[PDB]
Participant: 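First the structure, which I've put down as structure tokens, then a few questions once you've had a look.
All heavy atoms count here, side chains included; hydrogens, waters and symmetry mates do not. Below, chain A is the first sequence line, B the second, and so on; all start at residue 1.
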Amino acid sequence: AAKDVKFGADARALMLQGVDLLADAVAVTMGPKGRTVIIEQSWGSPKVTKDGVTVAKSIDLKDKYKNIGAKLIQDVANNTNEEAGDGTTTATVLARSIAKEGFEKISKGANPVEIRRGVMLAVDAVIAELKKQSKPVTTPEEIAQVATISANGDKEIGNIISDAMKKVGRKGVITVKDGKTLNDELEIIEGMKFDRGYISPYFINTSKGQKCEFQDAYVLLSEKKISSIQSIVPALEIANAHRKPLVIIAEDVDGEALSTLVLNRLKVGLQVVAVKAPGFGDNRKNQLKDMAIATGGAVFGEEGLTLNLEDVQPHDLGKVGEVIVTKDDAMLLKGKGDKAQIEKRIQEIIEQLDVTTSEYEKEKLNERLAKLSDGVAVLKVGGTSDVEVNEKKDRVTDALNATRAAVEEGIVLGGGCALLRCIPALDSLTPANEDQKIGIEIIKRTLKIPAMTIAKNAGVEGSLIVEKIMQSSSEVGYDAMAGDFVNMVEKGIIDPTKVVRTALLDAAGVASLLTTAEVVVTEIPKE
Amino acid sequence: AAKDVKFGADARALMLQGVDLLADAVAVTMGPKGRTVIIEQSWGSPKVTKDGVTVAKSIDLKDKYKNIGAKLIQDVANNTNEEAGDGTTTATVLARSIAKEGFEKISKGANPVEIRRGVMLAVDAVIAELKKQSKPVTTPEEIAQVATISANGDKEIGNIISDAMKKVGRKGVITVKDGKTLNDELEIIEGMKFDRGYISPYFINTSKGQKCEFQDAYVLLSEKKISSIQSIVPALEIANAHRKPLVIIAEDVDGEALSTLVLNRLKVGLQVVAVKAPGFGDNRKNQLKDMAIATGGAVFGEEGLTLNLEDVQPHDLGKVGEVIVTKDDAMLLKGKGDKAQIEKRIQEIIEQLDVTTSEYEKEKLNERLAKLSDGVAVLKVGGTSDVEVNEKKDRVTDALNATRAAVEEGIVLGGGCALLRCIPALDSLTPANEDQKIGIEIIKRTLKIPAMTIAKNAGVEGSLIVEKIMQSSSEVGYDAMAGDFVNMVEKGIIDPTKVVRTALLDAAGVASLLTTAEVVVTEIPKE
Amino acid sequence: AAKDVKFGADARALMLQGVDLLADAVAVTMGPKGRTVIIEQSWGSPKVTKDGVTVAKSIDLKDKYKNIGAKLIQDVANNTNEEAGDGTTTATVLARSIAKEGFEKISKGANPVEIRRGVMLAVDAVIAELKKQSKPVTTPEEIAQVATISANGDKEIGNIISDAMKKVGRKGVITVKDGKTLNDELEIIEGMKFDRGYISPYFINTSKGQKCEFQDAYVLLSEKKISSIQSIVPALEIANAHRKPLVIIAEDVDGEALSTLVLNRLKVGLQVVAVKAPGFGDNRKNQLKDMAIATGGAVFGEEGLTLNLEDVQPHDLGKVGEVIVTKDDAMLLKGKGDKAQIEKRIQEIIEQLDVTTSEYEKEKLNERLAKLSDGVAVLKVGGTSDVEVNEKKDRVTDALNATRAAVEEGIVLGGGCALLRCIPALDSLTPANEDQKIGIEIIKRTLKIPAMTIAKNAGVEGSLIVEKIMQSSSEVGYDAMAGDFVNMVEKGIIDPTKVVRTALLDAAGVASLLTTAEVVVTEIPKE
Ligand SMILES: Nc1ncnc2c1ncn2[C@@H]1O[C@H](COP(=O)(O)OP(=O)(O)OP(=O)(O)O)[C@@H](O)[C@H]1O
Ligand SMILES: Nc1ncnc2c1ncn2[C@@H]1O[C@H](COP(=O)(O)OP(=O)(O)OP(=O)(O)O)[C@@H](O)[C@H]1O
Ligand SMILES: Nc1ncnc2c1ncn2[C@@H]1O[C@H](COP(=O)(O)OP(=O)(O)OP(=O)(O)O)[C@@H](O)[C@H]1O
Ligand SMILES: [K+]
Ligand SMILES: [K+]
Ligand SMILES: [K+]
Ligand SMILES: [Mg+2]
Ligand SMILES: [Mg+2]
Ligand SMILES: [Mg+2]
């Protein structure tokens, strides 16, 4: 494999061209007055999106040297998305700013490694100052404001999310689905999320979403691991005879049973799935007993009144109206369990919470009550066609992620003002040498980029807006949608602290390492 | 000749691309921190220049649609240069701004002709306000400051020009020549500028400067026109026999004599030139008598003691050490006339100034005294090589032109602040309709361009500098060379009013007419 | 004429590539261990040379942007050659160093004009320090040492030049010619150099050297100007009738006579030339009388015993064995004048030197004695073929020019040590701002280039040699030919001060102006 080698400024310029192209494509979507990007799809209608990471992931370049910068910025956006779930456009613009400033400061006497160290020191100081200024969320109005801001100023989505978190709790289960009407609807459904993924990816039955989903399924629970093929065969014969899907929730499934399940599913078409049992020891027994009561089934392998797997009957299995499964977790909602068994269990767990005073028992009994009683919220997104539903689904997912972040940690001022107000924190640093000073100044200049980008997307000169913001009192910021300087907290323009710090950390960490390159090696394009 | 036709936005975009290229090339030279442009020459060393019109005249484009915009901007710069002699970069940047703003405002319902009318109305109001704020020049220190500012901050050139205008008067003759040493020298030489060009371009004896220049020449003066070939032949025989050049200053020279002079010069190589007599009637007789006394010659064709041209002798002609001639004017400096004749004529004119009290006689007698006594100032530009001498000669010419303008009219604040302070004058206008309002707003936005360009060339953000200037008191401006906000008049950063108003008027007049185009027709390139 | 425009770093890099190519070609010839360059000629054998300006003038590049830098360096070398006649390689390497250092220091906040000002200030300080350290030449041994050093270590050329200047004086006439034997010969010939060029270039009779040269010519002298065609015709009839060339030395020749001389020379083939008379007034009469006595002729146009041109006879003209003429000057050597007339004149001028005590008369009478008695030295260069003769002629011309410079002004240490010892002079400067400091540091780093280049051509590491030189006493330098650190003055490694200061001034003046460019405009290559 013959390769091509470039040195210094030429390679830096090509990589900066790639970075600039990707960041210019991403940046047009930022703020309340941002616009959308249309992405061609090979299998049907094009996609319309305002999400930064979605735009970033779809840009590959033909030139080998520009594609390296494009890939590094894609890594920045993807890391931000997997960590916080929001704020990928901010991370992209910060990364471009840091890369450009670092490239412009490389000379014969400069040491880019020390510049990187200074950049990291400045970012750590800024993050500490951000954590100092954070304040917690205490009222549903703040939740609605956060959700409205994250949903691009849509008040209905914020109200729906606030109502959902009021009904199922701030730490409840919330799901987003395609609707079949023109308006949005929230429904609460009883059910459990047991914090367990599938045993095998072969049970997936869809191309979109990467999930295993079944309807009107049988419930099989085993306290012990499944080993014998004749132990599992009669459950598969039962699931086949009723045409119903089957869910297996056992401590584990061995290679021979998993191979038999996968082969029977692939060849015959039985809708069977196996997943790991929730809990450990007594917590595992308790989860199996409670979920079986909610589904009207039995728990196999128990020591008291033992029921074997080899003689399983249709009435020994439970029933569930819908199931959703993924690699990380699974949910069973509308079980057919008798009300008297659920109420008995609920009352027993309510008594047990009062019997002993310890954190572990109290937490586990509260978790069992929450799983049996609170259920899940499902949000259906309305619209006229698939494209609008897909765009609104992106916005709703962003809003839910940001609201969860703002519940975990506090909130700060929105519109990029939180990073502007942390600029004075860099005046307390004493660099060890000139290169660390250069890195600190790079970060100091970078800290203004998000507000300037938001102002530029609104059609005004961002430099004047930022200058006027820095000259005002600490609670005053710029309302880009209205075009006025207002009190940010009173108007509800607020951001989660976690999103801001995650974006800053990821962008700095990747861009400062990028700016240390001297030689680039790429493969020669073939025919 | 087959042609190509384009309509609307495509043609506008191509012409704007040409305008943008030319103006981007020109704009890098603006201000105390501007840089230079290197232009390839076909016959030798490349030219290095900081002059805006020189850069503009050297850019021709291959694309037919971009070259139209380039040519129109070249017309703007050339008109500004021929009118004021300075301020061509400002005119170019103003023209680009007006063209871009006008192109961005063209729609289906817009009427560009009314937009042009509004632009012209706003420019007229701004020019009137500028004339209101002008103040005259009264001290040599102001002259030195103006010359120093126009010479790109070179104090020595300003001091030399101030000394020259002190020695020969504010309305005296000043010339720029190539020096042969490393330093600049001022020398004062007796002589006359008689406000009369050559009779024929065939007498030019150089490829650089487009002038006729001779040394140790004979002087021939005729009160009447020259007609007979035998009247002029004995003077040509005298000029030939001594190998000396000959200058003819007569009321006129006919076709046969001019043809004979041109043919004899072209074939034999006699250094002969003919020019029109200065003055009218008695003023013509007086100029011939005085200049003959300064050169020791006679005046032919006079009624008292008449001397004929047909019997001319060597001692009937005067002598002059150097002569310079062009299409517009000519100068004879170091004449051989006896001191006693000059002093007698000077004393007679000094007496005649006291004899009668009238403007016409007093003005003409003072002009005769000035021509006989003040002479001319010659500045020689020093340097190591031709390129540096050529660049410094450009700067000295700019400084002299600006100083003459600031003597004719007043001065205003420099650095683009004079146009900034005339922005409020546009708030007193009441447009007749919406298109005139659009034109007024175009001019209002344009009035900020020169200061922003000067600030950008200095490495700072021009928007913040302009915003801070507009918020300060009327006498405060930005010193780009020092980087401080200072009192402009005290620091000597001042401009002539004529240059500013000329640049604004030319730029507006051409760009507003450019922005009215809908169809462009060009010739198809050939092979 | 369509043109191409480039901005900033790209244009700078292309121009630096051109500069680097030309300077790398030139630099290989520097020092006692430098090598030669072979240049293809279109009309015959290739040229072999060690002269820097000859190599520089022969390099034109196809790329339009590299050719600009090449042309600017050619201008540097040509200016140095026309000013000093030696030291063009040093000027070229200094110019490349300054250009590279200036290009590496251009950034957004830098002001190249102030950097140029700092460069010029540093160069002025260095030149003043050089003039302080100069010492005059007092002994013939120093003359021989200077000539030997300038002739690339050839002792025979130095001895010949020293003998020539001993025989004709330090300010006598010396000429270089092609020899016809294997060895070099000096011959002293009586004759005069009268400091007058030809009247017309049409008298040139050779393709090589650009000179008019005649043998066994007639001498025509006129005190007054020649006018009548019948006044000059009988001299042309005499010159024709004897087939001899004719020299005309008169106050001037008119257009009709010059046209007649040129036409008769071009059509018939008469070897006639006309030149201006030497001296003014009485000095002109004296030069004509003395040179006529040395040639046995008469002076026409005199008031005492007047001889007319119209009746000229063969015995009224003088005779001269050889004549050399150029645009600047002319020489008549072996005249046929009788010894008794020369001796009479000589004694009369020797008496007149004692009669009155004044500078003007004493100087003019000493000049007349020197012209009548000292003559000229002719050096013939020996060799086997034309190429070797041409190379040795280049070296001899360099040696003569350097010896004349070292007679006019003093001498300094050779080998680049004189510029090294002026580095501390830059520590007494206080720059006004940071850009002037940058320029001063550029000059400080540049001042080491000549010694490093000389050491590199000798096959050793120049950095260590320069470092060891700077740590030694002021009289110690590096002998590149021997490879030892020696006392430079005792070993005779010395340079003229004028050559060093001229090279430094020219290189700085052009390169610092080059480093201020931001835009480059070139013509698009045609087909
Ligand atoms: N009315 C407003 N005025 C000013 N700033 C606002 C306003 N509304 C939202 N913002 C700010 O705009 C930013 C939201 O940008 P946006 O949602 O387009 O991108 P992001 O969070 O960087 O990433 P992603 O593409 O993943 O959503 C936040 O900083 C938010 O505080
Ligand atoms: N120290 C300074 N600070 C601020 N502005 C300055 C300073 N010195 C000069 N100026 C301004 O810079 C401008 C001079 O620009 P410049 O001479 O480069 O171009 P120009 O006059 O438009 O045209 P041209 O190319 O014909 O000279 C004037 O407006 C002058 O007032
Ligand atoms: N033996 C030596 N040791 C050290 N330096 C020497 C020695 N001989 C000569 N030099 C130095 O070498 C330089 C002579 O270089 P050279 O004659 O090749 O080029 P130049 O003078 O720059 O230009 P040109 O090509 O016009 O002659 C001088 O600085 C001289 O002092
Ligand atoms: K976005
Ligand atoms: K300019
Ligand atoms: K050399
Ligand atoms: Mg968002
Ligand atoms: Mg100017
Ligand atoms: Mg030499």
Participant: Please state whether the side chain, the backbone, both or neither of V28(B) comes within less than 4.5 Å of a heavy atom of chain C.
Facilitator: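 Answer is side chain: those atoms of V28(B) sit under 4.5 Å from chain C.
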
Participant: For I106(C), is it the side chain, the backbone, both, or neither that has a heavy atom closer than 4.5 Å to a heavy atom of chain B?
Facilitator: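 Side chain only.
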
Participant: What residue, out of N457(B), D386(B), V268(B), has the most heavy-atom pairs lying under 4.5 Å from chain C?
Facilitator: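 Counting heavy-atom pairs under 4.5 Å, the top option is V268(B).
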
Participant: Give, for atom NZ of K47(B) and atom CD1 of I68(C), the distance between the pair rounded to the nearest 0.5 Å.
Facilitator: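 Reported value, rounded in 0.5 Å steps: 12.0 Å.
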
Participant: I'd like to know which of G44(B), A458(B), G269(B) tops the heavy-atom pair count under 4.5 Å against chain C.
Facilitator: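 Maximum pair count with chain C is reached by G44(B).
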
Participant: Do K33(B) and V113(C) have side chains that approach each other closer than 4.5 Å (heavy atoms only, starting at C-beta)?
Facilitator: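 No; the side chains remain at least 4.5 Å from each other.
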
Participant: Got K244(B) and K225(C) here, is their nearest side-chain heavy-atom distance under 4.5 Å?
Facilitator: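 Yes, side chains in contact.
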
Participant: Within a reach of under 6.0 Å around NZ of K319(B), are more than 12 heavy atoms found that belong to other residues, nucleotides or ligands?
Facilitator: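 Counting other residues, nucleotides and ligands, NZ of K319(B) stays at 12 neighbours or fewer.
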
Participant: Do we see a donor-acceptor contact under 3.5 Å between the side chains of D75(C) and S45(B)?
Facilitator: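 A pair is found: one side chain offers a donor N or O, the other an acceptor, under 3.5 Å apart.
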
Participant: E388(B) and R116(C): salt bridge (charged side-chain N to carboxylate O under 4.0 Å, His left out), yes or no, with the steps?
Facilitator: CA-CA 12 Å; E388(B) 322 149 56; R116(C) 183 176 199 273; 3.6 Å; yes

Participant: Inspect the surroundings of NZ in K491(B) and state if more than 12 heavy atoms from other residues, nucleotides or ligands are less than 6.0 Å away.
Facilitator: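 No, not enclosed.
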
Participant: Which pair of heavy atoms, one from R35(B) and one from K108(C), lies closest together, and at what distance?
Facilitator: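 Shortest heavy-atom separation between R35(B) and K108(C) comes out as NH2-O, 4.0 Å.
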
Participant: What part of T260(C) is in contact with chain B, defined as an atom under 4.5 angstrom from a non-hydrogen atom: side chain, backbone, both or neither?
Facilitator: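 Neither part; nothing is under 4.5 Å.
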
Participant: Would you mind reporting whether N111(C) and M481(B) have side-chain heavy atoms less than 4.5 Å apart?
Facilitator: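 When only atoms from C-beta onward are counted, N111(C) and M481(B) do touch, with a gap below 4.5 Å.
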
Participant: Looking at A257(C), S259(C), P112(C), which has the largest count of heavy-atom pairs under 4.5 Å with chain B?
Facilitator: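 When all of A257(C), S259(C), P112(C) are compared, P112(C) has the most.
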
Participant: Contact part of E114(C) toward chain B, heavy-atom cut-off under 4.5 Å: side chain, backbone, both or neither?
Facilitator: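 Answer is side chain: those atoms of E114(C) sit under 4.5 Å from chain B.
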
Participant: Nearest 0.5 Å please: distance from the CG atom of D252(C) over to the CG atom of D216(B).
Facilitator: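 Interatomic distance, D252(C) CG to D216(B) CG, rounded to 0.5 Å: 9.5 Å.
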
Participant: Please round to the nearest 0.5 Å and tell me the distance separating atom NZ of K50(B) and atom OG1 of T516(C).
Facilitator: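 Nearest 0.5 Å value for the NZ-OG1 distance: 10.5 Å.
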
Participant: Of all heavy-atom pairs between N79(C) and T384(B), which one has the smallest distance, and what is that distance?
Facilitator: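 Looking at all heavy atoms of both residues, the closest pair is ND2-O, 4.5 Å.
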
Participant: Go through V55(B), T36(B), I59(B), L21(B) and name the one with the most non-hydrogen pairs under 4.5 angstrom from chain C.
Facilitator: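 Heavy-atom pair counts peak at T36(B).
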
Participant: Does the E40(B) side chain pair with the main chain of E523(C), one donor and one acceptor, at a distance under 3.5 Å?
Facilitator: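 Yes, because the side chain of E40(B) sits within donor-acceptor range (under 3.5 Å) of the backbone of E523(C).
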
Participant: Relative to chain B, which segment of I226(C) carries a heavy atom at a distance below 4.5 Å: side chain, backbone, both, or neither?
Facilitator: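 For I226(C), the contact with chain B is made by the backbone alone.
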
Participant: Just so I know, are the side chains of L182(B) and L505(C) near enough to count as touching, which here means a heavy-atom distance under 4.5 Å?
Facilitator: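 Contact flag for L182(B)/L505(C) side chains = yes.
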
Participant: Measuring from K3(C):NZ to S58(B):OG, what's the distance to the nearest 0.5 Å?
Facilitator: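 Atom-to-atom, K3(C):NZ and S58(B):OG are 5.0 Å apart.
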
Participant: Can you tell which of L270(B), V37(B), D24(B) has the highest number of heavy-atom pairs within less than 4.5 Å of chain C?
Facilitator: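 With the most close heavy-atom pairs to chain C, the winner is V37(B).
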
Participant: What pair of heavy atoms forms the shortest contact from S385(B) to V510(C), and how long is it?
Facilitator: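 Closest approach of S385(B) to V510(C), heavy atoms only: OG-CG2, 3.6 Å.
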
Participant: Can you tell which part of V520(C) gets under 4.5 Å to a heavy atom of chain B, answering side chain, backbone, both or neither?
Facilitator: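 Both backbone and side chain of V520(C) come within 4.5 Å of chain B.
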
Participant: Does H242(B) reach the side chain of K224(C), with side-chain heavy atoms less than 4.5 Å apart?
Facilitator: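 Of all side-chain heavy-atom pairs linking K224(C) with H242(B), none is under 4.5 Å.
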
Participant: Below 4.5 Å from any heavy atom of chain B, which atoms of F7(C) appear? Answer side chain, backbone, both or neither.
Facilitator: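 For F7(C), side-chain heavy atoms alone lie under 4.5 Å from chain B.
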
Participant: Which residue, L514(C), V521(C), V519(C), forms the side-chain contact (heavy atoms from CB on, under 4.5 Å) with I38(B)?
Facilitator: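 Between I38(B) and the candidates, side-chain contact (heavy atoms from CB on, under 4.5 Å) is satisfied uniquely by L514(C).
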
Participant: May I ask you to check whether over 12 heavy atoms, not counting those of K71(C), lie within 6.0 Å of atom NZ?
Facilitator: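 Counting other residues, nucleotides and ligands, NZ of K71(C) exceeds 12 neighbours.
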
